[PDB]
Every structure is written in structure tokens, then in C-alpha cells.
J.: 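Structure provided below as C-alpha cells; questions to follow.
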Amino acid sequence: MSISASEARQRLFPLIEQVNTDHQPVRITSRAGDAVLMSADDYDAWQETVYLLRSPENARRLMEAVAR
Amino acid sequence: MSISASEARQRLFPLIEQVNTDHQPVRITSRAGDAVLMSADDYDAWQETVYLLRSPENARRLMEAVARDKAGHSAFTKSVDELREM
Amino acid sequence: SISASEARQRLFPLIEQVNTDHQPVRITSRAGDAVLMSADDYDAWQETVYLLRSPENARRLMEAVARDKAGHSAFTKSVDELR
Amino acid sequence: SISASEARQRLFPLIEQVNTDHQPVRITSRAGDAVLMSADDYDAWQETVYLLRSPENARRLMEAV
């Protein structure tokens, strides 16, 4: 799962299945710059958690509630 | 709040009570420079959380665990709700 | 956001786009949903929170980014003053 | 870490250390535990986290030249 763009183009569909089951990023290569394909749920989860880390109480809340 | 080093020297027990009740940091101001007093549990919880965030997959797992139970839900919702206010 | 059919068609232009404006693209499909972002945003996100494990590293990152913008010329000047 | 009664005796040198060393100090006490850190370092930490919300800002943190 570090591949050329032209191959990522043909395999796009299984690559979407993979990213949703694996939850690892796929590094895509090109003359145009590299891209990462990742699952929407991993992306959302990461952006949401970094937003919540704005408030240091929030991590304590989250940690405390898990361990319940 | 924000107070001088000279009064914080006097009021250290009550500022630590405050910091671990209201969870708002206290700026202590002085000739040298200024400092911030906060709750240690807030501080450590933050660090350890960031330690676990090695990759987006870890963020997803942490969101799962929050999704597991009623305790996770309300903690999460409350945090979202504060964030909606500010 | 765009479908996977279309993302498959336009992948090459989407790869250059995502590295030009640096905005991620949401891709929906019957197989599931993905996002496509530049490898640079992705690495920068991961690395930057990893650095932030110690909150003290935030000041250090700001100082490094400022040294970066200032240039090699600011450092040569320091060298010269030290002599 | 240090007790709150040691920290009271030495609050000035402590505020100076924390600004010079750019490392926090843990304070343990009867009223619970607290962390003392440089105000500027606290502010940079809060600001950086705020910023990290976009993957664009993160990119500009990494590729700042």
C-alpha cells in the first residue's frame, strides 16, 4: 500500500474497501505530488479529537468516562 | 483568574482547590516572567491522550470507546456542548 | 464531495488539485467513504500532534518555523557576532 | 515533584525556573495536584492545538519556508 497513481486509478475501488477495513493510509505516488487515501471515519475521528483537545479538561473527561 | 506571585505565595492551597474544581488555569504574574497554574489530572490526561494518538486509527478507536457506554456518551456530549458555547 | 466513479475518472487531476489548494476531497461510494488529501498535509498532521506529546515542544516548533522564515542569513549574522 | 509548602517558600525562583527551563513543575498537596508552567509556553501550546484543526495549518507548520 505505497503505489503509483496510475495503479491507484485502476484499483481505486478495492483501495476504498481496504482503507475501511485496514484503517491504514495508502500512499499514492505521482509527478504531481503524493496523496494519501484514508477512510472517512478515520479522518473525521482525527479532526474531531484534535478539536476536542482544545480544552485540557476534555481529555480528562474522555479518559475518565472510558474506564468507567 | 490572574494574580500576582506575591498573593499566590499566600493563597496556594486555595488556588489548587480552584484549579481542580473549575478546571480553568490561573496566570501568576511576576517580575521574572509569568506562569500558569493548572490541574495535574487535566494536564496528565491531555499528555497521555496525545501519546495514544499515533495515527488516525487511534483517534477512531478512542471515539469507539467513547461510543461504548452511557458514561462515554455524556462526557462526549458535554465536551461538544462547551465547545458550542465559546 | 464526489463519487468514486468520478474520482476514478479524474484521479490524476484530483491528485494535482489536492496538492495545489491543499484541501482534502471527500469520496463517497457503495463500497464505503474515503478522503483524498496531499501526503504533506497528512504527514504534517501526524508529526505535529506527535511533537505535541510534550506541550513544551509547541514553543520550540514556533521558534523553528520563525527561524525557517527568517532564513539562513539570520544565522550567518549570529555566527559573525559570536566572532 | 514538590510539595505546595516547599513551592510557597520558593514561588519566585520556581516561576523563574519554569520560564528558563521551559519544563513544567508538578506540585503535590493536601488540596490536590497542580502543574506550574511558563505562561508563554502554555499560550503557544493552546494556540498550536487550536491551529491543528485544519490539515492546511498543520502543513504550514511543517512546510514553513
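Residue numbering restarts at 1 for every chain, and letters A, B, ... go by the order of the sequence lines. The analysis underlying the following values was restricted to heavy atoms, covering all of them including side chains, and did not include hydrogens, waters or symmetry mates.
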J.: Under 4.5 Å heavy-atom distance to chain A, tell me which part of C:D41 shows up: side chain, backbone, both or neither.
T.: neither
J.: Indicate yes or no: at least one non-hydrogen side-chain atom of A:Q10 is less than 4.5 angstrom from one of C:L11.
T.: no
J.: Report yes if some heavy atom in the side chain of C:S29 is under 4.5 Å from a heavy atom in the side chain of A:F13; otherwise report no.
T.: no
J.: Do the side chain of C:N19 and the main chain of A:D34 share a donor and acceptor less than 3.5 angstrom apart?
T.: yes
J.: Which of the residues C:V49, C:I27, C:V18 is involved in the greatest number of heavy-atom pairs with chain A at under 4.5 angstrom?
T.: C:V49
J.: Please report the shortest heavy-atom distance between C:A31 and A:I16, naming the atom on each side.
T.: C-CG2, 4.5 Å
J.: Between A:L37, A:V26, A:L15, which shows the greatest number of heavy-atom pairs under 4.5 Å with chain C?
T.: A:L37
J.: Give the C-alpha distance, both sets of side-chain angles, the deciding distance and a yes or no for side-chain contact (heavy atoms from CB on, under 4.5 Å) between C:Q46 and A:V36.
T.: CA-CA 12 Å; C:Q46 219 195 358; A:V36 161; over 6 Å; no
J.: Using heavy-atom distances under 4.5 Å, tell me whether A:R9 contacts chain C through its side chain, its backbone, both, or neither.
T.: both
J.: Answer with yes or no after comparing the ring centroid distance for C:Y42 and A:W46 against a 6.0 Å cut-off, counting only values under it.
T.: no
